[PDB]
Amino acid sequence: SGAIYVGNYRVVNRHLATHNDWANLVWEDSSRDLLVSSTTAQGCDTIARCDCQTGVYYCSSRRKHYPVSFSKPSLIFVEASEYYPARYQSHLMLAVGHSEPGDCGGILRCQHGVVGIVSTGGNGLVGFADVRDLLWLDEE
Ligand SMILES: COc1ccccc1[C@H](OC)C(=O)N1CCC[C@H](C(N)=O)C1
Ligand SMILES: [Zn+2]
């Protein structure tokens, strides 16, 4: 689990969105595994606007932050799961790092700010949904 809190937005994995998220919906995209809802309180996270390919992510199944090198956002095949059928997920970045299903939502960050959240993984891989192209997260 986990979310990004920027401005008056909450960014979560679409597959983990709550009823309150759906009832306060701003934007969602199944092909990216992302959903954004509106918040009453202002958040403290800032979004990175950069070209970094190295950063640090939070792994809840280890209670630890790990440095990683990650691929550029791209269209990657993700196996059928209990949340989606076998499909291509867009704007996904892969790295070598520990992950388990419940690690979705952990933040990936660089020196510029938040880059994305854990969205996929398996066998010593972890995948992150990029948010750096979502420029509107920085405005009302
Ligand atoms: C962090 O997730 C894992 C880590 C290690 C092993 C397995 C997983 C997850 O179960 C397969 C996984 O990759 N997904 C399940 C939830 C929806 C994700 C998606 N964005 O399509 C895919
Ligand atoms: Zn950066």
Side-chain angles (χ1 to χ4, degrees):
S1 63
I4 309 165
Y5 293 97
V6 50
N8 285 271
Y9 297 123
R10 165 173 143 96
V11 186
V12 288
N13 295 94
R14 187 186 187 273
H15 75 272
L16 300 181
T18 68
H19 166 74
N20 187 69
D21 288 323
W22 283 105
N24 290 283
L25 181 68
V26 173
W27 170 82
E28 55 84 26
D29 183 323
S30 176
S31 75
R32 294 178 67 151
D33 186 41
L34 287 179
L35 180 147
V36 178
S37 58
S38 61
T39 65
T40 61
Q42 289 182 300
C44 295
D45 293 320
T46 63
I47 309 300
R49 303 293 183 200
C50 69
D51 62 357
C52 292
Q53 273 184 259
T54 66
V56 172
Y57 79 106
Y58 185 62
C59 177
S60 71
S61 67
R62 294 283 180 273
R63 274 198 199 100
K64 273 190 184 50
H65 294 259
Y66 291 109
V68 284
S69 291
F70 52 94
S71 63
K72 290 181 171 212
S74 74
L75 190 65
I76 303 191
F77 193 70
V78 178
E79 189 58 75
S81 67
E82 64 204 8
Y83 294 96
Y84 297 102
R87 79 212 207 282
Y88 283 90
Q89 182 164 317
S90 66
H91 300 264
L92 183 66
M93 301 176 296
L94 297 186
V96 174
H98 183 67
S99 71
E100 294 174 44
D103 286 323
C104 286
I107 281 172
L108 172 69
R109 66 181 74 235
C110 67
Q111 65 188 96
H112 306 109
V114 174
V115 172
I117 53 173
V118 175
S119 175
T120 71
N123 300 293
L125 296 163
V126 58
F128 308 99
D130 193 20
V131 300
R132 293 179 290 188
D133 64 305
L134 303 175
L135 310 185
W136 54 261
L137 288 173
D138 297 346
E139 324 285 303
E140 327 275 331

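No hydrogens, no waters, no symmetry mates; every other heavy atom, side chains included, goes into these values. Sequential numbering from 1 along the given sequence is applied to the chain's residues.
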- Message: Taking the side chain as everything from C-beta on, heavy atoms only, tell me whether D133 gets closer than 4.5 Å to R32.
- Response: yes

task: With side chain to side chain contact (heavy atoms under 4.5 Å, CB included) as the test, would you mind laying out the steps for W22 and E28 before giving the verdict?
output: CA-CA 9 Å; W22 283 105; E28 55 84 26; 4.0 Å; yes

Of all heavy-atom pairs linking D130 and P73, the shortest is OD2-CG, 3.3 Å

Those residues at least two apart in sequence (or on a different chain) that pass side chain to side chain donor-acceptor pair (under 3.5 Å) with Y84 are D33

### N13 side-chain N/O to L16 backbone N/O, donor-acceptor pair under 3.5 Å
no

Item checked: Side chains of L94 and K72 in contact at under 4.5 Å (non-hydrogen atoms) -> no

Next item on the list: Report yes if some heavy atom in the side chain of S30 is under 4.5 Å from a heavy atom in the side chain of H15; otherwise report no.
Entry: no

**Report entry** Salt-bridge criterion met for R132 and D51 (N-O under 4.0 Å)
**Finding:** no

Do the non-hydrogen side-chain atoms of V114 and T46 ever get within less than 4.5 Å of each other? no

Correct closest heavy-atom pair for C104 and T120 would be SG-N, 4.5 Å

Closest heavy-atom pair, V118 versus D103, reported as atoms and distance to 0.1 Å, is CB-O, 3.4 Å

Requested in this report: Verify the cluster assignment for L75 and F77: are they in a single hydrophobic cluster under the rule of side-chain heavy atoms below 4.5 Å apart?
Outcome: yes

Here the pair of heavy atoms bringing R49 nearest to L134 is NH2-O, 3.0 Å

For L92 and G127, the nearest pair of non-hydrogen atoms, with its separation, is CD1-C, 3.9 Å

### Any side-chain heavy-atom pair of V68 and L108 under 4.5 Å
yes

Please assess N8 against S38 for the test side-chain hydrogen bond (donor to acceptor under 3.5 Å, both in side chains), listing each intermediate value before the final yes or no.
-> CA-CA 6 Å; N8 285 271; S38 61; over 6 Å; no

Self-check item: Shared hydrophobic cluster, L35 / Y5 (ILVMFWY, side-chain heavy atoms < 4.5 Å)
Solution: no

Original post:
In the single-linkage hydrophobic clustering (I, L, V, M, F, W, Y; side-chain heavy atoms under 4.5 Å), do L34 and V115 co-cluster?
Top reply: no

Q) Side chains of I4 and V12: closer than 4.5 Å at any heavy-atom pair? A) no

Any donor-acceptor pair under 3.5 Å linking the side-chain atoms of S119 with those of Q89? yes

Q.
Check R87 with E79, please: is the shortest side-chain N to carboxylate O separation under 4.0 Å?
A. no

If you group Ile, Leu, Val, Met, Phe, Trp and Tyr by side-chain heavy-atom gaps below 4.5 Å, do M93 and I76 land in one group? no

Note to self: Please check this pair: side chain of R62 against backbone of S99, looking for a donor-acceptor N/O pair closer than 3.5 Å.
What the structure shows: no

Residues 90-140 vs ring pair (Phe, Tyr, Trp, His ring centres under 6.0 Å), sequence neighbours excluded, gives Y9-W136, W27-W136, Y57-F128

Here the pair of heavy atoms bringing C110 nearest to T54 is CB-O, 3.8 Å

**Item:** Flag for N20-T18: side-chain donor and acceptor within less than 3.5 Å
**Value:** no

Checklist line | Backbone N/O of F70 and side chain of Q53: donor-acceptor pair under 3.5 Å | finding: yes

Exercise. Is it true that the side chains of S37 and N24 contain a donor and an acceptor less than 3.5 Å apart?
Worked result: no

Salt bridge or not for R14 and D21, using N-O below 4.0 Å?
no

